[PDB]
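The block underneath contains the structure these notes are about, expressed in structure tokens.
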Ligand SMILES: *[C@@H]1O[C@H](CO)[C@@H](O[C@@H]2O[C@H](CO)[C@@H](O)[C@H](O)[C@H]2NC(C)=O)[C@H](O)[C@H]1NC(C)=O
Ligand SMILES: *[C@@H]1O[C@H](CO)[C@@H](O[C@@H]2O[C@H](CO)[C@@H](O)[C@H](O)[C@H]2NC(C)=O)[C@H](O)[C@H]1NC(C)=O
Ligand SMILES: *[C@@H]1O[C@H](CO)[C@@H](O)[C@H](O)[C@H]1NC(C)=O
Ligand SMILES: *[C@@H]1O[C@H](CO)[C@@H](O)[C@H](O)[C@H]1NC(C)=O
Ligand SMILES: *[C@@H]1O[C@H](CO)[C@@H](O)[C@H](O)[C@H]1NC(C)=O
Ligand SMILES: *[C@@H]1O[C@H](CO)[C@@H](O)[C@H](O)[C@H]1NC(C)=O
């Protein structure tokens, strides 16, 4: 006449595999993903002020290429340059274009 | 919509510490890494019968 | 695990324990039953949450940076800009890999620890009234009904009450 | 801690132990007293000093570098110089954060270990002459005066001397 | 080590054990002998190999990069290129140093663990038929010939067979 007392721990039907120091794949009861790998596909207009350049590069809105006149005096947190942008004024070049676009953008 | 972190692919959530979406980012963003997945264990060893 | 309890001297886990991470199963005159141990479950969970809070923690905020994609071949300065970004990404990739691997090793070890702590706390409670059977189970050498089992789980089991009876059964 | 001694089965520490990190308190026919254990105190300290020497270790020496403050807007090349420094500082900031957190987890665990090692060494010394009472204390089932207690702390306690007496008291 | 077995309660290792990492030595009526324990040897080794596979793992592949040696003094842009490389090398140097130190601490601790797991598995097998003598050795209180010792190493030793005999010897 006596009893038995058993010590134990839970398991689950659906464990997941994780990586350790000594083991490339070992099974735990749960884990969480630490790498964001998907996007909704859209740029959110809050909380940063997004200015869509549409047909215009920053430099063209700067100089005032006529089709870019809508951008006069605009402010932005993030200026979005689209691949379909085009120039339509006097043909020009900017020495250190990258630097001018940088400092204005900033 | 509202989101702190922007990438050319669109906005991404920032609950996680890393991201595999784009090395280019604006705002409060997870740090960009080469791995597409890193799982952090949140329970003990699963040992069924 | 580093203590040898989970996936060690305890053969396997219990899918039927759905209200705690650690617990007791007993057999006695009235049958068999189970119960979760809250305080060890909470210990494991708290540590794991501590570790999550440290990691899910606020991402840094960066704004204007360098460019990382280029439409024309330029040479020296673009070589540098690319090498700089490629060097940062590799370093961060390494960090993330090491982090996850260290944390996971430690998570598996700490949960092993808790199982082992609970066992040892139990062994101590029973004193000379029980023997360790080697598989995580205690043979208890006295009549031990549901309340008695209950007192072992509450931590109010008074071994002196059962001592003459157990010693007598153990040594014959 | 991962062993369950400090902030576990030992309720609390002793502010009155001022000459060691670990030690014994006893109660017997002549009263009560305390003493530090030197060898476990030294073990904890040595490890901790090892870890300090590794960290307080010689800083690297750098001389001429890049500039890090700028009075004029310049564009591409200054963007790079800033991004380079900002990337290094974040990486080093991360390292320092991780280091301190790992070391601290390990420091708390190793000191827990030592407490637990000392206890186990003691349990082994006493053999069948004592029972573990669950709170870090041993009930000793024979008359054990100050010298006897002293021999337990020296490691020269001869359990066979007290065995017939203890077994008799333990089992009745 | 964090468990206190290797370089702890086991005085020293055995150069004569050449067919395993852990094992048993026995003394009985027929003499003395030794044998390796395969399953604990394999546990230590497997973990260590896991850790080697993670480290000896495929190096990254880089091709065209920046230049790192320079024959003329140029100023600002070369300052940057040098600072970039010097910053990466220091970060990687740090990583490599930390890695090796963490792994080594963990390697010494895990092998300590295994020794301790094997001991505890043995203590459990023998139940009330043996006492721990404090130095890693079990005094067994019954006649225990080579096959009996063999059953202890196989894990098929039936303590109930020897129990009346051992209890009688232990308590007198
Ligand atoms: C897997 O692990 C995570 C992290 O411990 C768990 O998710 C949390 O669960 C709580 C309580 O239900 C929620 O309130 C939290 O918001 C969750 N945190 C996170 C990080 O998402 C979850 O319990 C586990 N999943 C399963 C199926 O058990
Ligand atoms: C975000 O955008 C980048 C670049 O537009 C995408 O990366 C491309 O992935 C495809 C398929 O895997 C490759 O063939 C391309 O060469 C990649 N381009 C670059 C520049 O790396 C990426 O897939 C997008 N991310 C998500 C998850 O939508
Ligand atoms: C941009 O360019 C195309 C071609 O000129 C035109 O059809 C479209 O209306 C322009 N978009 C806007 C919004 O101005
Ligand atoms: C748990 O402890 C309480 C309070 O001391 C006691 O009333 C009860 O009997 C114990 N539980 C069981 C199931 O015996
Ligand atoms: C400590 O050991 C020494 C040397 O064997 C012995 O003389 C002494 O009795 C022991 N200490 C006490 C307080 O008994
Ligand atoms: C090991 O176990 C086997 C199989 O049960 C048994 O035949 C044998 O007696 C054991 N070994 C020794 C040396 O006794």
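Chains as they are written, first to last, in PDB author numbering: chain A, 9 to 114; chain B, 277 to 325; chain C, 1 to 172; chain D, 1 to 172; chain E, 1 to 172.
Built from N, CA and C at the ideal position, the CB exists for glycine as well.
field: Contact test: residue 150/D Cβ vs ligand 5 heavy atom, cutoff 7 Å
entry: Yes - ligand 5 has a heavy atom lying nearer than 7 Å to the Cβ of residue 150/D.
Inset, instruction - Count the C-beta pairs between the stretch 102-119 of chain D and the stretch 150-170 of chain D that are closer than 8 Å, then say yes if the count reaches three, no if not. - result: Segments in contact, no.
Using 8 Å as the threshold, is the C-beta distance between residue 80/D and residue 80/E below it?
Yes, the Cβ-Cβ distance between residue 80/D and residue 80/E is below 8 Å.
CA-CA distance, residue 17/D and residue 34/D?
-> Straight across, the Cα-Cα distance linking residue 17/D with residue 34/D is about 8 Å.
Please confirm whether residue 68/C and residue 57/C have their CB atoms less than 8 Å apart. A distance of 8 Å or more separates the beta carbons of residue 68/C and residue 57/C.
Give me the Cα-Cα distance between residue 148/C and residue 15/C, rounded to the nearest whole angstrom.
-> For residue 148/C and residue 15/C, the gap between their C-alpha atoms comes out near 25 Å.
Check the Cβ of residue 286/B against every Cβ in chain C and list those closer than 7 Å, keeping chain order.
-> Correct list: empty, because the minimum Cβ distance to chain C is about 16 Å.
Using a Cβ-Cβ cut-off of less than 7 Å, give me the residues of the stretch 85-98 of chain D that come near chain E, in sequence order. Residues passing the 7 Å Cβ filter: 88, 91, 95.
Next on the checklist: Residues of chain A with CB closer than 7 Å to the CB of residue 317/B, please, in chain order.
Outcome noted: Within 7 Å Cβ-Cβ: 26, 36, 39.
Chain C residues whose Cβ lies nearer than 7 Å to that of residue 66/E: Residues of chain C passing the Cβ test: 79, 80, 83.
### residue 290/B CB to nearest heavy atom of ligand 2 below 7 Å
Not one heavy atom of ligand 2 sits closer than 7 Å to the Cβ of residue 290/B.
- Item | Neighbour list for residue 29/E in chain C, Cβ cutoff strictly below 9 Å | Around residue 29/E, no beta-carbon contact reaches into chain C at under 9 Å, the shortest distance being about 26 Å.
- Beta carbon of residue 88/E nearer than 8 Å to that of residue 87/C: Cβ atoms of residue 88/E and residue 87/C: closer than 8 Å.
inquiry  = Below 8 Å, how does it come out for the stretch 138-155 of chain C and the stretch 13-31 of chain A: are there three or more Cβ pairs, yes or no?
reply    = Touching, per the Cβ criterion.
Within 10 angstroms of the Cβ of residue 148/A, are there 16 or more other Cβ atoms? Answer buried if so, exposed if not. The structure shown does not extend to residue 148/A, since chain A is modelled only from 9 to 114, so the question has no answer here.
Requested in this report: Identify each residue in the stretch 4-24 of chain C for which the Cβ-Cβ distance to at least one residue of chain E is less than 8 Å, and report them in chain order.
Outcome: Hits within the stretch, in order: 4, 8, 9.
Open item on the list: If you measure between the beta carbons of residue 20/C and residue 36/C, is that distance less than 8 Å?
Closed with: Yes.
| request: Answer yes or no: does any C-beta atom of chain A fall closer than 8 Å to that of residue 105/E? | output: Closer than 8 Å: no.
On the three-state DSSP scale, how would you describe residue 26/D?
-> Under the three-state reduction of DSSP, residue 26/D is assigned to strand.
query = Are residue 27/A and residue 100/C closer than 8 Å when you measure CB to CB?
reply = Yes, they are a contact pair.
(request) To the nearest angstrom, report how far apart residue 122/C and residue 3/E are at their CA atoms. (result) Each residue's Cα considered, the two are about 21 Å apart.
Whole-number beta carbon distance between residue 43/A and residue 296/B, since they are thought to touch under 8 Å = Separation of the CB atoms of residue 296/B and residue 43/A is rounded to 5 Å, and the pair is thereby assigned contact status at 8 Å.
TODO: Please confirm if the stretch 27-40 of chain A is in contact with the stretch 52-66 of chain A, defined as three or more CB-CB distances below 8 Å between the two stretches.
DONE: With contact defined as three or more Cβ pairs closer than 8 Å, the stretch 27-40 of chain A and the stretch 52-66 of chain A are not in contact.
**Prompt:** What's the C-alpha gap between residue 103/C and residue 95/E?
**Reply:** Per the coordinates, the alpha-carbon of residue 103/C lies some 17 Å from the alpha-carbon of residue 95/E.
Do residue 87/A and residue 106/A have their C-beta atoms within less than 8 Å of each other?
Contact: no.
Original post:
Tell me, which residues are paired with residue 38/C by DSSP?
Top reply: For residue 38/C, DSSP assigns no beta-bridge partner whatsoever.
Assuming residue 131/E and residue 127/D make a contact with CB atoms under 8 Å, what is their CB distance in whole Å? Cβ-Cβ separation between residue 131/E and residue 127/D: approximately 6 Å, consistent with a contact (criterion under 8 Å).
task = Under the assumption that residue 66/C contacts residue 83/D (Cβ atoms under 8 Å), give the Cβ distance between them as a whole number of angstroms.
result = Correct: roughly 5 Å between the Cβ atoms.
*Between the CA atoms of residue 153/E and residue 159/E - distance to the nearest angstrom*: Computed Cα separation, rounded: 13 Å.
Q | Bridge partners - residue 24/A, DSSP secondary structure assignment | A | Residue 24/A is bridged to 36/A.
key: Cutoff 8 Å: residue 108/D Cβ touching any chain C Cβ   = Chain C contact via Cβ: absent.
- Can we count residue 147/E as close to ligand 6, meaning its CB is less than 7 Å from some heavy atom? Residue 147/E: yes, Cβ under 7 Å from ligand 6.
Query - Sub-8 Å separation of residue 61/C and residue 286/B beta-carbons - result: Their beta carbons are not under 8 Å apart, which means residue 61/C does not touch residue 286/B by this criterion.
Taking 7 Å as the line, does the beta carbon of residue 284/B fall inside it for any heavy atom of ligand 2? Residue 284/B Cβ: within cutoff of ligand 2.
query: Does residue 47/E come within less than 8 Å of chain A when only Cβ atoms are used?
result: Chain A, which has a Cβ nearer than 8 Å to the Cβ of residue 47/E, makes this yes.
Quiz item: residue 14/A bridges to which residues according to DSSP?
Solution: DSSP output for residue 14/A lists 25/C, 137/C as bridge partner(s).
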